[PDB]
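Data block below; observations after.
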Amino acid sequence: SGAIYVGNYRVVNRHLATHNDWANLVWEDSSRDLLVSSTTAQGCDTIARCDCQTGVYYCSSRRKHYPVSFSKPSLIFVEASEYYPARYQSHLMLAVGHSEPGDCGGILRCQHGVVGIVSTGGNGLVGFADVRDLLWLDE
Ligand SMILES: NC(=O)[C@H]1CCCN(C(=O)CN2CCOc3ccc(Cl)cc32)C1
Ligand SMILES: [Zn+2]
């Protein structure tokens with residue numbers, strides 16, 4: 001679980017979105033595993049606009065933050081679940097670090113702000129859905 005609150009928006013993993021999120025839907029993309037919904041309260045999370053490949057993510061399964069080196073956003077294949085069939089997930093970044101089901105929604109941040117959220121992992125890896133290209137989150 002976990003979300004990004006920036007201005008009048010809430011960014012969550014699309015597979016974890018609520019009925020309220022869908023009733024106030026702004027944009028969603030199954031290929032990215034993202035959904036953005038509108039909010040009445042003001043969010044103060046700052047989104048990074050950069051090409052950083054180092055950052056710190058929150059890992060709920062360890063209740064700890066971990067520093068990581070991560071790859072640049074790309075199309076990477078993902079297995080199958082009660083949420084999606086076998087597919088390539090776009091705008092995905094990988095890092096060597098611990099993650100297990102339940103860690104989705106954990107924020108990844110660099111010195112510039114919020115980079116993305118945990119969306120997949122396994123075998124000593126962790127995958128993050130990038131949000132740095134969604135320039136409209138800020139205006
Ligand atoms: N982005 C997706 O398609 C996700 C949707 C939820 C399910 N997905 C998983 O990867 C589930 N899973 C299995 C392997 O071990 C893991 C370790 C860390 C994490 Cl965060 C998830 C998993 C795909
Ligand atoms: Zn940065």
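Chain labels run A, B, ... following the order of the structure tokens; each chain numbers its residues from 1, and ligands are numbered from 1 in the order shown.
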
Proximity check chain A to ligand 1, 8 Å, nearest pairs one decimal Å, only C-alpha atoms and all ligand atoms, as CSV:
residue,atom,partner,partner_atom_place_in_ligand_line,distance
A:13,CA,ligand 1,1 (N),7.9
A:15,CA,ligand 1,5 (C),6.3
A:32,CA,ligand 1,1 (N),7.6
A:33,CA,ligand 1,1 (N),5.6
A:78,CA,ligand 1,3 (O),5.8
A:79,CA,ligand 1,23 (C),7.0
A:80,CA,ligand 1,23 (C),6.8
A:81,CA,ligand 1,7 (C),5.6
A:82,CA,ligand 1,7 (C),7.7
A:83,CA,ligand 1,5 (C),6.3
A:84,CA,ligand 1,3 (O),6.0
A:89,CA,ligand 1,1 (N),7.1
A:98,CA,ligand 1,18 (C),7.8
A:99,CA,ligand 1,18 (C),4.4
A:100,CA,ligand 1,18 (C),3.5
A:101,CA,ligand 1,21 (C),4.0
A:102,CA,ligand 1,20 (Cl),6.2
A:103,CA,ligand 1,20 (Cl),4.9
A:104,CA,ligand 1,20 (Cl),4.8
A:118,CA,ligand 1,20 (Cl),6.0
A:119,CA,ligand 1,1 (N),4.6
A:120,CA,ligand 1,20 (Cl),3.8
A:121,CA,ligand 1,18 (C),3.6
A:122,CA,ligand 1,17 (C),3.8
A:123,CA,ligand 1,15 (O),7.2
A:125,CA,ligand 1,17 (C),7.6
A:126,CA,ligand 1,18 (C),6.3
A:127,CA,ligand 1,20 (Cl),7.1

Practice problem: Kindly provide, as a PyMOL selection string, all nucleotide and amino acid residues lying within 7 Å of ligand 2, counting only C-alpha atoms and all ligand atoms. | Solution: chain A and resi 48-52+110-113

Self-check item: Selected residue of minimal separation from residue 66 of chain A among A:27, A:34, A:94, A:109, counting only C-alpha atoms
Solution: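 Ranking A:27, A:34, A:94, A:109 by distance to residue 66 of chain A, first place goes to A:109.
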
Practice problem: May I ask which of the residues A:62, A:128, A:41, A:108 is the closest one to residue 76 of chain A, counting only C-alpha atoms? | Solution: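 Checking each candidate against residue 76 of chain A, we get A:128 as the closest.
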
Quiz item: Please, which residues of chain A, numbered as in this document, come out strand (DSSP E) from DSSP, as an MDAnalysis selection string?
Solution: chainID A and resid 4:13 25:29 34:44 54:59 64:69 74:78 87:96 107:110 113:122 125:130

Practice problem: Determine the nearest neighbour of residue 54 of chain A from the options A:107, A:19, A:88, A:115, counting only C-alpha atoms. | Solution: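 Of the candidates, the smallest distance to residue 54 of chain A is held by A:115.
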
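Distance check against residue 61 of chain A using only C-alpha atoms: of A:124, A:16, A:106, A:9, the minimum falls on A:106.
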
Self-check item: For residue 69 of chain A: contacts at 7 Å, only C-alpha atoms, fewer than 6 positions along chain excluded, given as number ranges by chain
Solution: A: 53-55, 95

Produce a file of the selected residues containing N, CA, C and O atoms, as an mmCIF file, in the first residue's frame.
data_model
loop_
_atom_site.group_PDB
_atom_site.id
_atom_site.type_symbol
_atom_site.label_atom_id
_atom_site.label_comp_id
_atom_site.auth_asym_id
_atom_site.auth_seq_id
_atom_site.Cartn_x
_atom_site.Cartn_y
_atom_site.Cartn_z
ATOM 1 N N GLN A 53 19.608 8.183 -11.300
ATOM 2 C CA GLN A 53 19.648 6.735 -11.252
ATOM 3 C C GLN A 53 20.016 6.223 -9.848
ATOM 4 O O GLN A 53 20.398 5.075 -9.710
ATOM 5 N N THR A 54 19.958 7.100 -8.807
ATOM 6 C CA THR A 54 20.197 6.766 -7.403
ATOM 7 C C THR A 54 19.118 7.445 -6.575
ATOM 8 O O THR A 54 18.676 8.571 -6.881
ATOM 9 N N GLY A 55 18.714 6.762 -5.524
ATOM 10 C CA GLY A 55 17.640 7.244 -4.667
ATOM 11 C C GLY A 55 17.471 6.381 -3.429
ATOM 12 O O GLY A 55 18.316 5.539 -3.145
ATOM 13 N N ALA A 95 15.938 -2.238 -9.656
ATOM 14 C CA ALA A 95 16.999 -2.039 -8.673
ATOM 15 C C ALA A 95 17.218 -3.325 -7.882
ATOM 16 O O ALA A 95 16.305 -4.142 -7.743
#

Quiz item: What is the atom CA of residue 30 of chain A to atom CA of residue 64 of chain A distance in Å?
Solution: 28.6 Å

Exercise. Give me, please, the distance in Å between atom CA of residue 26 of chain A and atom CA of residue 77 of chain A, quoted to one decimal.
Key: 26.3 Å

Practice problem: Within 10 Å of residue 138 of chain A, counting only C-alpha atoms, which residues show up once you throw out same-chain ones fewer than 4 positions away? Write them as a ChimeraX atom specification, please. | Solution: /A:6-9,46-47,134

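The spacing separating atom CA of residue 35 of chain A from atom CA of residue 18 of chain A amounts to 10.1 Å.
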
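Minimum distance to residue 36 of chain A across A:97, A:10, A:24, A:135 (counting only C-alpha atoms) occurs at A:10.
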
Quiz item: Mind checking DSSP for chain A and telling me the alpha helix (DSSP H) residues as a list in words?
Solution: residues 19, 20, 21, 22 and 23 of chain A

Export of prior selection with C-alpha atoms as a tab-separated table (two decimals), in the first residue's frame:
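Written out: result.tsv:
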chain	number	residue	atom	x	y	z
A	19	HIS	CA	-13.91	2.69	-5.78
A	20	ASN	CA	-13.39	6.41	-4.85
A	21	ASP	CA	-10.25	6.56	-7.05
A	22	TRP	CA	-12.29	5.21	-10.02
A	23	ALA	CA	-15.27	7.56	-9.25
